[PDB]
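Okay, so here's the structure we're looking at.
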Amino acid sequence: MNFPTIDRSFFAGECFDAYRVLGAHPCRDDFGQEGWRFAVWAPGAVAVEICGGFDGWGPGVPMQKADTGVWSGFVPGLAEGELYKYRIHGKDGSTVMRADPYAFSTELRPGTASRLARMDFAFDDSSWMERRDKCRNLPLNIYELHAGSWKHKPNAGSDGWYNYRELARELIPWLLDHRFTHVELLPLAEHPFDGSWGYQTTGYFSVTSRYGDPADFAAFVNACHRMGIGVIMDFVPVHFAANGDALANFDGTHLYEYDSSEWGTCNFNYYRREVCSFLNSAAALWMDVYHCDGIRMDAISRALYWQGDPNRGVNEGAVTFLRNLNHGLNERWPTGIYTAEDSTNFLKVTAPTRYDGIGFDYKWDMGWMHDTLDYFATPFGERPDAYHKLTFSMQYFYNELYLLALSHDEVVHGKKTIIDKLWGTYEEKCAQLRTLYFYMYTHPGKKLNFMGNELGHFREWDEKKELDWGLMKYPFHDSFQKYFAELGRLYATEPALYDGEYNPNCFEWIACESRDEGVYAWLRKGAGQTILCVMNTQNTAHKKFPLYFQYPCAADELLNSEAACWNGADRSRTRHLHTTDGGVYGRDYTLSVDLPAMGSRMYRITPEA
């Protein structure tokens, strides 16, 4: 066997395809005998054996160590799906049997044995790829989903899980109906504990066997693309699960982790070049092998800053790693979408690396999420003083390419679901929920929502359960999901809303000082078209609320969040309005609008020439 040697870029932290050499791969030896070759980076190990069923889990096959610290070996005759592990004899005298860190397939948890798998999948999505776009000036309406707890098989937890293929068949119609453009999957890298949701990773290259085999996931992505839906993979580059037989103490030294923090994890050492290559290659896997359309990176602030705190200092190794990661991802897949968040606002997350940014495409607007939910949690009587809690977001909005996210992290651990966070009666919570999402879809910036948000779910998310689909037997919830679909439709089809979101010239306040009434109004002006958006956050109606315009115009209603069809309380009939002459200085025209309690309205504006 002439074993392939990994590119020198690996040791430079610049390798994005390390999994083409490392791991287990089909090949022929020098005598033309079919088998599998194995390669594992373990520079401090004194010995490594390939172990598996082939010799009844005995001594296995000794690997040979290159002066690079990469061990290689070959086993003839093995079939796809056969189990293997590495027995690692560590620098410290330890002996540990481990999953291949570059496993492509792993037995169903709790087992960690690696499985021989081919990684050459059939796709027919080349035209999808040619059309692909970061969506700066297109709708980006992301459905965040955990693959094990969206919908379960009829009857049945586990085994009652759909296979990836079956999941695609069930999910795609729901996405299309609600005009979600992309699904963002919680991490599918292999992980031992269902309740980590994928955020405590052991198998970075091993798409989780919970929902089937590698080809099954590839088929899921292929199916999405056929129907015009993108797939974003959640990724965990800050830390890994601390299991003693996974990545920690890998070669009997602190290899992947620092020589010297979140519970049950270890932090990756970005000053270790081969660790950078590992992570580069783990992100790239999703784009390359599985044809994903983007990467969302979890908890990046914990990497950017020592101990996650800018006051403790910037981790320049982390910054350089992330810059290089985004650079290489863009070099290979420029129309992929790469996102993160950083609520510290210390570094420029979405600015180009050239201008000292980190080079992400979008940043979740954590401030928008917190401030908006704080506001709608406030008793009506206290809202006048808290009025500018909502206007504040547009003061900083253009500082980053912000994405408005209501994610899985906000509907767990006693924090309450979105609707349950809101102040008031059942009916008032329901009315405000309609207005909240009106605001979400008509505030500039791309969108992300965790599964259940569109149902007006009351029960917090539990990965052991599916969504409460039975909620749609109730008028509120059924009408709410239709309302959510209508927001998606307007967002996807109206240039005023999706085009020029990041252009300050496309946003204009109309009413932003109406503290007593709790009324906010603004124009969205994408592509030279105009939509007026107006929301009432008080629990009383406003009659003929005046909105001052610089020009005379007609207004045709596109949406009324309190309409009967959304289970709302308004039964008004008038949809076509026009300004009257006279307003205020500089704005000599008034558009008078009736606002139902807690209600929002959207109008197409046609200037009178």
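Here the sequence shown stands for residues 1 to 156, 161 to 264, 269 to 617, where the numbers follow PDB author numbering.
Backbone N, C-alpha and C fix where the C-beta goes; we use that ideal spot for every residue, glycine too.
- Here residue 225 is near residue 123, since their CB atoms are less than 9 Å apart.
- Rounded to whole angstroms, residue 561 and residue 390 show a C-alpha spacing of 35 Å.
- The Cβ-Cβ distance between residue 185 and residue 145 does not fall below 9 Å.
- Buried is the label assigned to residue 152, since at least 16 other Cβ atoms lie within 10 Å of its Cβ.
- For the region 31 to 65, the continuous beta strand (DSSP E) assignments of 3+ residues that do not extend past its boundaries occur at 34 to 41, 47 to 52, in sequence order.
- When C-alpha distances from residue 338 are compared across 9, 591, 303, the shortest belongs to 303.
- The residues 195, 196, 204, 205, 206, 272, 273, in chain order, have a CB closer than 7 Å to that of residue 245 in the same chain once the five nearest residues on each side in sequence are set aside.
- Under the DSSP assignment, residue 564 falls in the beta strand (DSSP E) whose first and last residues are 561 to 568.
- The beta carbons of residue 344 and residue 284 sit no closer together than 9 Å.
- Between residue 80 and residue 4, the C-beta gap is not smaller than 9 Å, which leaves the two residues out of contact.
- In this structure the region 511 to 530 touches the region 553 to 573; the number of beta carbon pairs closer than 8 Å is three or more.
- Assignment of residue 360 by DSSP, reduced to helix, strand and coil, places it in the coil class.
- When the five nearest sequence neighbours on each side are left out, the beta carbons in the same chain lying within less than 7 Å of the beta carbon of residue 307 are those of 242, in order along the chain.
- Residue 309 and residue 461 have their C-alpha atoms some 26 Å from each other.
- By the 16-neighbour rule on beta-carbons within 10 angstroms, residue 440 is buried.
- Out of 532, 198, 141, the CA that lies nearest to the CA of residue 187 is found in 141.
- Using a 10 angstroms sphere on the CB of residue 380, the tally of other CB atoms reaches 16 or more, which defines it as buried.
- Going by DSSP, residue 497 is part of the alpha helix (DSSP H) stretching over 483 to 501.
- Separation of residue 70 and residue 125 (C-alpha to C-alpha, rounded to the nearest whole angstrom) is 36 Å.
- Spanning the alpha carbons of residue 516 and residue 479 requires a straight line of approximately 38 Å.
- Beta bridge pairing from DSSP links residue 73 with 38.
- Burial state of residue 238 is buried, judged by a 10 Å Cβ sphere holding 16 or more other Cβ atoms.
- Taken through DSSP and simplified to helix, strand or coil, residue 378 comes out as helix.
- According to DSSP, residue pairing for residue 544 in a beta bridge involves 527.
- Of the candidates 113, 454, 108, 108 places its Cα closest to the Cα of residue 162.
- Nearest C-alpha to residue 438 among 417, 482, 470: 482.
- Taking a cut-off of 8 Å on C-beta distances, the region 530 to 546 touches the region 599 to 609, as three or more cross pairs fall below it.
- Counting every other CB atom within 10 Å of its CB across the protein chains shown gives residue 305 a total of 16 or more, marking it as buried.
- Here residue 104 is actually not in contact with residue 222; their C-beta atoms are around 11 Å apart, not less than 8 Å.
- Take the alpha-carbon of residue 325 and the one of residue 522: they are about 48 Å apart.
- Two segments are said to touch when three or more pairs of C-beta atoms, one from each, lie closer than 8 Å; by this definition the region 356 to 365 does not touch the region 314 to 321.
- Residue 191 and residue 217 have their alpha carbons spaced roughly 15 Å apart.
- In the structure shown, residue 205 adopts coil according to DSSP, grouped into three states.
- Residue 91 sits away from residue 352, with the two beta carbons spaced by 9 Å or more.
- Closest in C-alpha terms to residue 607, from the list 55, 333, 548, 584, comes 548.
- Excluding the 5 residues flanking it on each side, residue 176 has same chain C-beta neighbours closer than 7 Å at 227, 228, 231, 233, in chain order.
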